[PDB]
$ cat upload-v2.cif   # mmCIF, C-alpha atoms and all ligand atoms
data_data
loop_
_atom_site.group_PDB
_atom_site.id
_atom_site.type_symbol
_atom_site.label_atom_id
_atom_site.label_comp_id
_atom_site.auth_asym_id
_atom_site.auth_seq_id
_atom_site.Cartn_x
_atom_site.Cartn_y
_atom_site.Cartn_z
ATOM 1 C CA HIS A 1 -12.930 -17.759 -9.918
ATOM 2 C CA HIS A 2 -9.891 -15.716 -8.952
ATOM 3 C CA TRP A 3 -9.733 -13.583 -5.827
ATOM 4 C CA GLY A 4 -10.881 -10.014 -6.039
ATOM 5 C CA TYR A 5 -13.111 -7.506 -4.318
ATOM 6 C CA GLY A 6 -16.674 -8.476 -5.323
ATOM 7 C CA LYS A 7 -19.554 -10.275 -3.495
ATOM 8 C CA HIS A 8 -18.404 -13.670 -4.622
ATOM 9 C CA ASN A 9 -14.637 -13.360 -4.552
ATOM 10 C CA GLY A 10 -13.950 -10.556 -2.026
ATOM 11 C CA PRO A 11 -12.207 -10.353 1.312
ATOM 12 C CA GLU A 12 -14.865 -12.436 3.077
ATOM 13 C CA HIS A 13 -13.978 -15.366 0.734
ATOM 14 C CA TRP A 14 -10.215 -15.191 0.688
ATOM 15 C CA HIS A 15 -9.689 -17.480 3.679
ATOM 16 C CA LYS A 16 -10.819 -20.533 1.618
ATOM 17 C CA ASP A 17 -7.784 -20.320 -0.687
ATOM 18 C CA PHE A 18 -5.589 -18.445 1.833
ATOM 19 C CA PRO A 19 -6.357 -19.687 5.308
ATOM 20 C CA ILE A 20 -3.780 -17.267 6.812
ATOM 21 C CA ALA A 21 -6.556 -14.686 6.145
ATOM 22 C CA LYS A 22 -7.784 -15.556 9.737
ATOM 23 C CA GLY A 23 -4.184 -15.467 11.124
ATOM 24 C CA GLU A 24 -2.653 -13.776 14.134
ATOM 25 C CA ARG A 25 -1.071 -10.782 12.410
ATOM 26 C CA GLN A 26 -3.364 -9.740 9.544
ATOM 27 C CA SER A 27 -3.584 -6.307 7.968
ATOM 28 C CA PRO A 28 -5.001 -3.750 7.724
ATOM 29 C CA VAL A 29 -6.121 -2.766 11.243
ATOM 30 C CA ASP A 30 -7.882 0.130 12.886
ATOM 31 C CA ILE A 31 -5.361 2.410 14.566
ATOM 32 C CA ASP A 32 -6.845 3.528 17.828
ATOM 33 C CA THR A 33 -4.936 6.719 18.503
ATOM 34 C CA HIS A 34 -5.707 6.690 22.176
ATOM 35 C CA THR A 35 -4.316 3.176 22.747
ATOM 36 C CA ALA A 36 -1.252 3.523 20.471
ATOM 37 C CA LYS A 37 1.764 4.179 22.670
ATOM 38 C CA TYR A 38 4.656 6.520 22.043
ATOM 39 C CA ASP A 39 7.808 4.340 21.741
ATOM 40 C CA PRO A 40 11.071 6.118 22.706
ATOM 41 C CA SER A 41 13.040 3.131 21.366
ATOM 42 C CA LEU A 42 12.086 3.926 17.723
ATOM 43 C CA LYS A 43 15.052 5.421 15.791
ATOM 44 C CA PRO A 44 14.374 8.206 13.302
ATOM 45 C CA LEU A 45 12.740 7.033 10.004
ATOM 46 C CA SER A 46 14.856 7.424 6.889
ATOM 47 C CA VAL A 47 13.181 7.547 3.479
ATOM 48 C CA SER A 48 15.895 7.884 0.864
ATOM 49 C CA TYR A 49 14.265 8.125 -2.570
ATOM 50 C CA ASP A 50 16.602 10.546 -4.502
ATOM 51 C CA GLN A 51 18.036 7.757 -6.704
ATOM 52 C CA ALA A 52 14.772 5.888 -7.274
ATOM 53 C CA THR A 53 14.428 4.456 -10.818
ATOM 54 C CA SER A 54 10.875 3.801 -11.948
ATOM 55 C CA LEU A 55 10.478 1.363 -14.869
ATOM 56 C CA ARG A 56 6.848 0.661 -15.640
ATOM 57 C CA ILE A 57 3.226 1.014 -14.573
ATOM 58 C CA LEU A 58 0.969 -2.052 -14.708
ATOM 59 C CA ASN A 59 -2.786 -2.752 -14.277
ATOM 60 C CA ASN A 60 -2.746 -6.146 -12.526
ATOM 61 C CA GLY A 61 -6.524 -6.404 -12.379
ATOM 62 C CA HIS A 62 -6.801 -5.403 -8.702
ATOM 63 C CA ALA A 63 -4.807 -2.162 -8.653
ATOM 64 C CA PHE A 64 -1.929 -0.572 -10.602
ATOM 65 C CA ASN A 65 1.689 -0.986 -9.631
ATOM 66 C CA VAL A 66 4.412 1.569 -10.328
ATOM 67 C CA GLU A 67 7.500 -0.639 -10.504
ATOM 68 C CA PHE A 68 11.104 0.308 -9.668
ATOM 69 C CA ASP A 69 14.473 -1.092 -10.493
ATOM 70 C CA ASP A 70 15.481 -2.748 -7.217
ATOM 71 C CA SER A 71 18.650 -4.456 -8.588
ATOM 72 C CA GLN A 72 20.787 -2.125 -6.471
ATOM 73 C CA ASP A 73 20.472 0.086 -3.393
ATOM 74 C CA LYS A 74 18.846 3.194 -4.759
ATOM 75 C CA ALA A 75 15.531 4.010 -3.046
ATOM 76 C CA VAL A 76 15.644 2.637 0.518
ATOM 77 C CA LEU A 77 13.724 2.797 3.727
ATOM 78 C CA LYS A 78 15.664 2.457 6.980
ATOM 79 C CA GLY A 79 15.400 3.350 10.631
ATOM 80 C CA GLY A 80 12.244 3.742 12.617
ATOM 81 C CA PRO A 81 11.290 0.239 13.774
ATOM 82 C CA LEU A 82 13.388 -1.389 11.052
ATOM 83 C CA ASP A 83 16.666 -3.245 11.385
ATOM 84 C CA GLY A 84 18.720 -2.978 8.202
ATOM 85 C CA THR A 85 17.862 -1.681 4.749
ATOM 86 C CA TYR A 86 14.667 -2.187 2.818
ATOM 87 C CA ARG A 87 14.582 -1.588 -0.899
ATOM 88 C CA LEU A 88 11.633 -0.008 -2.756
ATOM 89 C CA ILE A 89 10.143 -2.405 -5.340
ATOM 90 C CA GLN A 90 6.799 -0.816 -6.232
ATOM 91 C CA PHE A 91 3.966 1.288 -5.030
ATOM 92 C CA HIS A 92 0.239 1.040 -5.524
ATOM 93 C CA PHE A 93 -3.015 2.399 -4.095
ATOM 94 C CA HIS A 94 -6.328 1.254 -2.656
ATOM 95 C CA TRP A 95 -9.345 3.447 -3.202
ATOM 96 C CA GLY A 96 -13.035 3.778 -2.991
ATOM 97 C CA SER A 97 -16.126 4.345 -5.103
ATOM 98 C CA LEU A 98 -16.870 7.397 -2.942
ATOM 99 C CA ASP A 99 -14.593 9.804 -1.066
ATOM 100 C CA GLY A 100 -15.831 8.386 2.313
ATOM 101 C CA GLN A 101 -14.128 5.055 1.806
ATOM 102 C CA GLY A 102 -11.116 3.515 0.233
ATOM 103 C CA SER A 103 -8.360 3.251 2.785
ATOM 104 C CA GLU A 104 -7.377 -0.068 4.331
ATOM 105 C CA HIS A 105 -6.042 1.184 7.638
ATOM 106 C CA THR A 106 -8.477 3.320 9.522
ATOM 107 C CA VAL A 107 -7.706 5.924 12.243
ATOM 108 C CA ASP A 108 -10.209 5.792 15.114
ATOM 109 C CA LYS A 109 -12.448 4.056 12.579
ATOM 110 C CA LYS A 110 -12.128 6.937 10.081
ATOM 111 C CA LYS A 111 -11.813 5.808 6.482
ATOM 112 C CA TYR A 112 -9.775 7.931 4.054
ATOM 113 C CA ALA A 113 -10.517 8.203 0.322
ATOM 114 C CA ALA A 114 -7.479 6.151 -0.522
ATOM 115 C CA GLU A 115 -4.212 4.640 0.745
ATOM 116 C CA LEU A 116 -0.824 4.526 -0.926
ATOM 117 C CA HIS A 117 1.485 1.531 -0.246
ATOM 118 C CA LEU A 118 5.192 1.874 -0.932
ATOM 119 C CA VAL A 119 6.449 -1.682 -0.756
ATOM 120 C CA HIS A 120 10.027 -2.439 0.312
ATOM 121 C CA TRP A 121 11.985 -5.649 0.844
ATOM 122 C CA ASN A 122 14.657 -6.465 3.403
ATOM 123 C CA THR A 123 17.932 -6.719 1.502
ATOM 124 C CA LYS A 124 19.260 -9.358 3.943
ATOM 125 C CA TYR A 125 17.019 -11.827 2.084
ATOM 126 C CA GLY A 126 18.407 -11.158 -1.384
ATOM 127 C CA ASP A 127 15.163 -10.908 -3.353
ATOM 128 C CA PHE A 128 11.474 -10.082 -2.852
ATOM 129 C CA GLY A 129 10.258 -13.618 -3.253
ATOM 130 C CA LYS A 130 12.538 -14.818 -0.426
ATOM 131 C CA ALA A 131 11.745 -11.778 1.686
ATOM 132 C CA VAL A 132 7.973 -12.471 1.659
ATOM 133 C CA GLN A 133 8.615 -15.786 3.429
ATOM 134 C CA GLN A 134 10.156 -14.051 6.447
ATOM 135 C CA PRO A 135 8.450 -12.298 9.353
ATOM 136 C CA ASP A 136 10.584 -9.217 8.794
ATOM 137 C CA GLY A 137 10.805 -9.501 5.053
ATOM 138 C CA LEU A 138 8.874 -6.444 3.984
ATOM 139 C CA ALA A 139 8.290 -2.890 5.148
ATOM 140 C CA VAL A 140 5.265 -1.154 3.697
ATOM 141 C CA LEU A 141 4.980 2.574 4.075
ATOM 142 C CA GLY A 142 1.291 3.499 4.124
ATOM 143 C CA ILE A 143 0.092 7.042 3.366
ATOM 144 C CA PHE A 144 -3.501 8.176 3.518
ATOM 145 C CA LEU A 145 -5.099 10.249 0.791
ATOM 146 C CA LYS A 146 -7.877 12.746 1.403
ATOM 147 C CA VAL A 147 -9.712 14.767 -1.245
ATOM 148 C CA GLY A 148 -8.962 18.479 -1.315
ATOM 149 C CA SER A 149 -6.132 20.181 -3.170
ATOM 150 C CA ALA A 150 -4.337 18.428 -5.944
ATOM 151 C CA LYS A 151 -1.093 16.620 -5.353
ATOM 152 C CA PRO A 152 1.109 17.825 -8.221
ATOM 153 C CA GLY A 153 3.555 14.944 -7.806
ATOM 154 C CA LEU A 154 0.742 12.494 -8.469
ATOM 155 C CA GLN A 155 -0.418 13.980 -11.723
ATOM 156 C CA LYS A 156 2.138 12.012 -13.850
ATOM 157 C CA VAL A 157 0.557 8.850 -12.496
ATOM 158 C CA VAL A 158 -2.997 10.126 -13.152
ATOM 159 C CA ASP A 159 -2.165 11.054 -16.724
ATOM 160 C CA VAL A 160 -0.869 7.613 -17.755
ATOM 161 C CA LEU A 161 -3.915 5.685 -16.370
ATOM 162 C CA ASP A 162 -5.768 6.072 -19.685
ATOM 163 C CA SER A 163 -3.073 3.917 -21.249
ATOM 164 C CA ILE A 164 -3.496 1.050 -18.769
ATOM 165 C CA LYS A 165 -7.273 0.954 -18.386
ATOM 166 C CA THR A 166 -7.682 -2.814 -18.373
ATOM 167 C CA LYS A 167 -6.134 -5.827 -16.634
ATOM 168 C CA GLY A 168 -2.761 -6.827 -18.110
ATOM 169 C CA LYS A 169 -1.961 -3.469 -19.718
ATOM 170 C CA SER A 170 1.368 -1.862 -18.870
ATOM 171 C CA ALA A 171 3.210 1.308 -19.917
ATOM 172 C CA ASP A 172 6.733 2.734 -19.748
ATOM 173 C CA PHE A 173 6.966 4.813 -16.589
ATOM 174 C CA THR A 174 10.464 6.064 -16.180
ATOM 175 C CA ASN A 175 11.778 9.027 -14.261
ATOM 176 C CA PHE A 176 8.919 9.133 -11.745
ATOM 177 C CA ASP A 177 10.058 10.554 -8.391
ATOM 178 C CA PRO A 178 8.144 9.075 -5.433
ATOM 179 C CA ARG A 179 9.320 11.899 -3.181
ATOM 180 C CA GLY A 180 6.407 13.865 -4.639
ATOM 181 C CA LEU A 181 3.904 11.585 -2.951
ATOM 182 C CA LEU A 182 5.177 12.166 0.636
ATOM 183 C CA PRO A 183 3.521 14.451 3.172
ATOM 184 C CA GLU A 184 5.581 16.987 5.207
ATOM 185 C CA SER A 185 5.692 14.976 8.422
ATOM 186 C CA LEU A 186 7.073 11.447 8.820
ATOM 187 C CA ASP A 187 5.261 10.943 12.134
ATOM 188 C CA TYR A 188 3.936 7.385 12.001
ATOM 189 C CA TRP A 189 2.371 4.382 13.658
ATOM 190 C CA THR A 190 3.966 0.988 13.343
ATOM 191 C CA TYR A 191 2.885 -2.606 13.975
ATOM 192 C CA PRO A 192 3.625 -6.084 12.650
ATOM 193 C CA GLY A 193 1.217 -7.338 10.025
ATOM 194 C CA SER A 194 0.655 -8.857 6.637
ATOM 195 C CA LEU A 195 0.134 -8.285 2.968
ATOM 196 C CA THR A 196 -3.436 -6.972 2.600
ATOM 197 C CA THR A 197 -3.992 -8.972 -0.653
ATOM 198 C CA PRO A 198 -3.602 -12.646 -1.247
ATOM 199 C CA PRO A 199 -1.336 -14.409 -0.465
ATOM 200 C CA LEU A 200 -1.811 -12.427 2.793
ATOM 201 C CA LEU A 201 1.607 -13.430 4.048
ATOM 202 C CA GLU A 202 2.595 -12.354 7.530
ATOM 203 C CA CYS A 203 5.841 -10.682 6.491
ATOM 204 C CA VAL A 204 5.274 -6.928 6.844
ATOM 205 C CA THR A 205 6.402 -4.271 9.212
ATOM 206 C CA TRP A 206 3.743 -1.663 8.645
ATOM 207 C CA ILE A 207 4.704 2.039 8.916
ATOM 208 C CA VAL A 208 1.610 4.203 8.512
ATOM 209 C CA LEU A 209 2.100 7.963 8.333
ATOM 210 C CA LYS A 210 -0.166 10.104 10.423
ATOM 211 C CA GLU A 211 -0.315 12.986 7.991
ATOM 212 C CA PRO A 212 -2.412 12.345 4.892
ATOM 213 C CA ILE A 213 -1.630 13.787 1.490
ATOM 214 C CA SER A 214 -4.352 15.743 -0.277
ATOM 215 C CA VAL A 215 -5.305 14.837 -3.782
ATOM 216 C CA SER A 216 -7.962 16.467 -5.957
ATOM 217 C CA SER A 217 -11.406 15.113 -6.689
ATOM 218 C CA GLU A 218 -10.346 15.102 -10.357
ATOM 219 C CA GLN A 219 -7.269 12.998 -9.566
ATOM 220 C CA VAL A 220 -9.231 10.394 -7.589
ATOM 221 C CA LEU A 221 -11.987 10.340 -10.261
ATOM 222 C CA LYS A 222 -9.319 9.241 -12.760
ATOM 223 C CA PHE A 223 -8.340 6.279 -10.494
ATOM 224 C CA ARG A 224 -11.997 5.270 -10.589
ATOM 225 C CA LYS A 225 -12.030 5.101 -14.389
ATOM 226 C CA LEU A 226 -9.714 2.117 -14.344
ATOM 227 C CA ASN A 227 -11.106 -1.355 -14.969
ATOM 228 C CA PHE A 228 -10.743 -4.650 -13.053
ATOM 229 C CA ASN A 229 -11.634 -6.501 -16.260
ATOM 230 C CA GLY A 230 -9.374 -7.078 -19.247
ATOM 231 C CA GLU A 231 -9.691 -5.430 -22.696
ATOM 232 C CA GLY A 232 -12.902 -6.199 -24.559
ATOM 233 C CA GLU A 233 -14.677 -7.615 -21.467
ATOM 234 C CA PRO A 234 -17.761 -6.156 -19.711
ATOM 235 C CA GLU A 235 -16.665 -3.042 -17.823
ATOM 236 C CA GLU A 236 -16.207 -3.402 -14.030
ATOM 237 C CA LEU A 237 -14.813 -0.202 -12.663
ATOM 238 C CA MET A 238 -11.715 -0.602 -10.448
ATOM 239 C CA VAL A 239 -13.151 0.864 -7.249
ATOM 240 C CA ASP A 240 -13.307 -0.376 -3.657
ATOM 241 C CA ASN A 241 -10.154 -2.402 -3.901
ATOM 242 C CA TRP A 242 -9.554 -2.294 -0.193
ATOM 243 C CA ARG A 243 -9.594 -4.942 2.525
ATOM 244 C CA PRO A 244 -11.367 -3.899 5.755
ATOM 245 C CA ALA A 245 -9.769 -3.765 9.135
ATOM 246 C CA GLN A 246 -8.846 -7.101 10.671
ATOM 247 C CA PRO A 247 -8.590 -8.211 14.287
ATOM 248 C CA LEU A 248 -5.676 -6.676 16.151
ATOM 249 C CA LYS A 249 -5.249 -9.796 18.333
ATOM 250 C CA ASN A 250 -2.036 -9.887 20.312
ATOM 251 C CA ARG A 251 -0.483 -6.731 18.934
ATOM 252 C CA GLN A 252 0.484 -3.232 20.019
ATOM 253 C CA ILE A 253 0.540 -0.283 17.684
ATOM 254 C CA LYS A 254 3.490 2.031 18.502
ATOM 255 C CA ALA A 255 3.635 5.768 17.747
ATOM 256 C CA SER A 256 6.779 7.571 16.740
ATOM 257 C CA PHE A 257 5.457 10.798 18.200
ATOM 258 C CA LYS A 258 4.237 12.226 21.550
HETATM 259 N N1 LIG B 1 -1.538 -4.185 -0.293
HETATM 260 S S1 LIG B 1 -0.076 -4.961 -0.125
HETATM 261 O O1 LIG B 1 0.996 -3.993 -0.112
HETATM 262 O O2 LIG B 1 -0.047 -5.870 1.081
HETATM 263 N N2 LIG B 1 0.104 -5.891 -1.548
HETATM 264 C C1 LIG B 1 1.384 -6.602 -1.782
HETATM 265 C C2 LIG B 1 1.347 -7.295 -3.132
HETATM 266 B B1 LIG B 1 1.163 -6.437 -4.500
HETATM 267 B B2 LIG B 1 0.374 -7.608 -5.667
HETATM 268 B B3 LIG B 1 0.177 -9.113 -4.586
HETATM 269 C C3 LIG B 1 0.929 -8.792 -3.167
HETATM 270 B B4 LIG B 1 1.861 -9.754 -4.216
HETATM 271 B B5 LIG B 1 1.508 -9.003 -5.796
HETATM 272 B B6 LIG B 1 2.135 -7.289 -5.679
HETATM 273 B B7 LIG B 1 3.039 -8.632 -4.890
HETATM 274 B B8 LIG B 1 2.795 -7.061 -4.074
HETATM 275 B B9 LIG B 1 2.599 -8.568 -3.173
HETATM 276 ZN ZN ZN B 2 -1.591 -2.389 -0.792
#
$ encode --input "upload-v2.cif" --output "structure tokens"
Amino acid sequence: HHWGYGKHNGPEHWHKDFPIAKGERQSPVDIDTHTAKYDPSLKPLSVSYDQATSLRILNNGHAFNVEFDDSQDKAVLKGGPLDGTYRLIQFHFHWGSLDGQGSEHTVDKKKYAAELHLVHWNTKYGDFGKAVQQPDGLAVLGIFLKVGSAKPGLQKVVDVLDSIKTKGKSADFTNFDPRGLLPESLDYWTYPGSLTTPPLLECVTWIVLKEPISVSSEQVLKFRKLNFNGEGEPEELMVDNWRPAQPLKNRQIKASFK
């Protein structure tokens, strides 16, 4: 009875194994655009992905991760609300069964079709596993996806999904450039939060871009052909792998823009 996204093991249940699920800085949250305040203290955001080295893509039974070599300073996120240098370790998505749902963060309660998470760790902590135990251990860059035109820089990801349909399957995924997943603007909201999957640790500075990327219906339909189950098991399509918005509690969402 492992955690997942169904009736019996979904987000409503996670607090039994992971009591921090009802904690003071859980993610995702609704971003109320009228209450978010412009913060002149935020430095410019720096997303330096030119030297990123992808290694592999993996179906972990809740999503797929595109993994990077993080053994040196190649693809880093700096600036904005962050102190120091955060190294890219992987990205993954959350998505829906229908185009009207799928994102984790919401914007004035609007749900997007999906949400990309580029996960980075604070190099002052030496490794990811140490970083997740710190309040400023991780920075996750969140990008909304809406359905419209195709995102060409996503298609390499879409085209390998057939090879990792079921839980535990992985595939070589070198030379993927995550710059092709970024929108034009780096305007963002930022707040302190958590991992949105177990273990739900409260170690993330969230940086959520205002501008969504557009992906095609055909692209998102291929995400929805993945399976939560492993090979040879009854098919459970990998859809609706998102946690809903959690209580904002004693937090302020800051905007980088006027
Ligand atoms: N939606 S999230 O970015 O909060 N998920 C973070 C993850 B992914 B899955 B579970 C938590 B552990 B494994 B791997 B590692 B990273 B961290
Ligand atoms: Zn995520």
$ resolve_selection --input "upload-v2.cif" --expression "the PyMOL selection byres (((chain A and resi 86) around 8) and not hetatm)" --output "CSV table (one decimal) with C-alpha atoms, keeping the file's coordinate frame"
chain,number,residue,atom,x,y,z
A,76,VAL,CA,15.6,2.6,0.5
A,77,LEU,CA,13.7,2.8,3.7
A,78,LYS,CA,15.7,2.5,7.0
A,84,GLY,CA,18.7,-3.0,8.2
A,85,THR,CA,17.9,-1.7,4.7
A,87,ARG,CA,14.6,-1.6,-0.9
A,88,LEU,CA,11.6,0.0,-2.8
A,120,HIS,CA,10.0,-2.4,0.3
A,121,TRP,CA,12.0,-5.6,0.8
A,122,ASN,CA,14.7,-6.5,3.4
A,123,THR,CA,17.9,-6.7,1.5
A,138,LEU,CA,8.9,-6.4,4.0
A,139,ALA,CA,8.3,-2.9,5.1
$ residues_near_ligand --input "upload-v2.cif" --ligand "ligand LIG 1 (chain B)" --cutoff "10 Å" --atoms "only C-alpha atoms and all ligand atoms" --output "JSON, numbers by chain"
{"A": [26, 27, 28, 60, 61, 62, 63, 64, 65, 67, 89, 90, 91, 92, 93, 94, 104, 115, 116, 117, 118, 119, 120, 128, 129, 132, 138, 139, 140, 141, 142, 193, 194, 195, 196, 197, 198, 199, 200, 201, 202, 203, 204, 206, 241, 242, 243]}
$ closest_residue --input "upload-v2.cif" --among "A:105, A:251, A:124, A:130" --to "ligand ZN 2 (chain B)" --atoms "all atoms listed in the file"
A:105
$ resolve_selection --input "upload-v2.cif" --expression "the PyMOL selection byres (((chain A and resi 7-10) around 12) and not hetatm)" --output "JSON, numbers by chain"
{"A": [1, 2, 3, 4, 5, 6, 11, 12, 13, 14, 15, 16, 17, 21, 62, 197, 198, 240, 241, 242, 243, 244]}
$ residues_around --input "upload-v2.cif" --residues "residue A:179" --least-positions-apart "4" --cutoff "9 Å" --atoms "all atoms listed in the file" --output "JSON, numbers by chain"
{"A": [47, 48, 49, 50, 153, 183]}
$ atom_distance --input "upload-v2.cif" --atom1 "atom CA of residue A:255" --atom2 "atom CA of residue A:109"
17.0 Å
$ resolve_selection --input "upload-v2.cif" --expression "the PyMOL selection byres (((chain A and resi 215) around 12) and not hetatm)" --output "PyMOL selection string"
chain A and resi 99+112-116+143-155+158+180-183+212-214+216-223
$ atom_distance --input "upload-v2.cif" --atom1 "atom CA of residue A:108" --atom2 "atom CA of residue A:245"
11.3 Å
$ decode --input "upload-v2.cif" --residues "stretch 91-115 of chain A" --atoms "N, CA and C atoms" --output "mmCIF file, in the first residue's frame"
data_model
loop_
_atom_site.group_PDB
_atom_site.id
_atom_site.type_symbol
_atom_site.label_atom_id
_atom_site.label_comp_id
_atom_site.auth_asym_id
_atom_site.auth_seq_id
_atom_site.Cartn_x
_atom_site.Cartn_y
_atom_site.Cartn_z
ATOM 1 N N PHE A 91 14.288 16.982 -13.841
ATOM 2 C CA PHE A 91 12.973 17.602 -13.930
ATOM 3 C C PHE A 91 11.936 16.526 -14.150
ATOM 4 N N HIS A 92 10.693 16.901 -13.891
ATOM 5 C CA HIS A 92 9.549 16.037 -14.064
ATOM 6 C C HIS A 92 8.338 16.930 -14.200
ATOM 7 N N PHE A 93 7.192 16.308 -14.481
ATOM 8 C CA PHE A 93 5.912 16.966 -14.689
ATOM 9 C C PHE A 93 4.826 16.354 -13.816
ATOM 10 N N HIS A 94 3.764 17.147 -13.628
ATOM 11 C CA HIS A 94 2.477 16.732 -13.106
ATOM 12 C C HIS A 94 1.442 17.086 -14.141
ATOM 13 N N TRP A 95 0.479 16.215 -14.358
ATOM 14 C CA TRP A 95 -0.507 16.447 -15.391
ATOM 15 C C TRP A 95 -1.805 15.797 -15.123
ATOM 16 N N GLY A 96 -2.784 16.187 -15.950
ATOM 17 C CA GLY A 96 -4.140 15.755 -15.700
ATOM 18 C C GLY A 96 -4.671 14.697 -16.646
ATOM 19 N N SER A 97 -5.888 14.246 -16.370
ATOM 20 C CA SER A 97 -6.620 13.381 -17.296
ATOM 21 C C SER A 97 -7.311 14.182 -18.373
ATOM 22 N N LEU A 98 -7.493 15.474 -18.112
ATOM 23 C CA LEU A 98 -8.212 16.405 -18.987
ATOM 24 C C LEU A 98 -7.413 17.703 -18.993
ATOM 25 N N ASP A 99 -7.569 18.517 -20.034
ATOM 26 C CA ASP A 99 -6.763 19.728 -20.147
ATOM 27 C C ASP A 99 -7.091 20.751 -19.046
ATOM 28 N N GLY A 100 -8.268 20.660 -18.424
ATOM 29 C CA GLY A 100 -8.678 21.577 -17.341
ATOM 30 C C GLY A 100 -8.091 21.333 -15.971
ATOM 31 N N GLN A 101 -7.210 20.353 -15.862
ATOM 32 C CA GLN A 101 -6.564 20.083 -14.593
ATOM 33 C C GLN A 101 -5.233 19.444 -14.832
ATOM 34 N N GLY A 102 -4.403 19.497 -13.808
ATOM 35 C CA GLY A 102 -3.104 18.881 -13.884
ATOM 36 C C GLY A 102 -2.047 19.599 -13.138
ATOM 37 N N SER A 103 -2.118 20.918 -13.148
ATOM 38 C CA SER A 103 -1.090 21.674 -12.358
ATOM 39 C C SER A 103 -1.286 21.510 -10.870
ATOM 40 N N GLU A 104 -0.213 21.753 -10.131
ATOM 41 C CA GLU A 104 -0.200 21.716 -8.673
ATOM 42 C C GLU A 104 -0.448 23.098 -8.091
ATOM 43 N N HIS A 105 0.404 24.050 -8.440
ATOM 44 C CA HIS A 105 0.095 25.450 -8.171
ATOM 45 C C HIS A 105 -1.074 25.838 -9.047
ATOM 46 N N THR A 106 -1.850 26.755 -8.523
ATOM 47 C CA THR A 106 -2.954 27.349 -9.240
ATOM 48 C C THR A 106 -2.723 28.865 -9.217
ATOM 49 N N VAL A 107 -3.350 29.589 -10.142
ATOM 50 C CA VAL A 107 -3.190 31.058 -10.224
ATOM 51 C C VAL A 107 -4.615 31.650 -10.162
ATOM 52 N N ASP A 108 -4.953 32.318 -9.065
ATOM 53 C CA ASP A 108 -6.323 32.722 -8.830
ATOM 54 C C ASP A 108 -7.295 31.576 -9.055
ATOM 55 N N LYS A 109 -6.925 30.420 -8.488
ATOM 56 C CA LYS A 109 -7.636 29.164 -8.569
ATOM 57 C C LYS A 109 -7.665 28.487 -9.930
ATOM 58 N N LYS A 110 -7.039 29.087 -10.936
ATOM 59 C CA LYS A 110 -6.982 28.478 -12.277
ATOM 60 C C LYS A 110 -6.002 27.324 -12.236
ATOM 61 N N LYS A 111 -6.471 26.193 -12.763
ATOM 62 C CA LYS A 111 -5.630 25.012 -12.974
ATOM 63 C C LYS A 111 -5.145 24.941 -14.423
ATOM 64 N N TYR A 112 -3.846 24.707 -14.615
ATOM 65 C CA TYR A 112 -3.266 24.513 -15.926
ATOM 66 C C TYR A 112 -3.241 23.029 -16.283
ATOM 67 N N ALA A 113 -2.981 22.669 -17.552
ATOM 68 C CA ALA A 113 -3.041 21.288 -17.952
ATOM 69 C C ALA A 113 -1.911 20.453 -17.341
ATOM 70 N N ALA A 114 -0.827 21.147 -17.040
ATOM 71 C CA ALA A 114 0.309 20.472 -16.447
ATOM 72 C C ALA A 114 1.263 21.467 -15.793
ATOM 73 N N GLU A 115 2.280 20.928 -15.112
ATOM 74 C CA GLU A 115 3.276 21.747 -14.414
ATOM 75 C C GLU A 115 4.606 20.996 -14.427
#
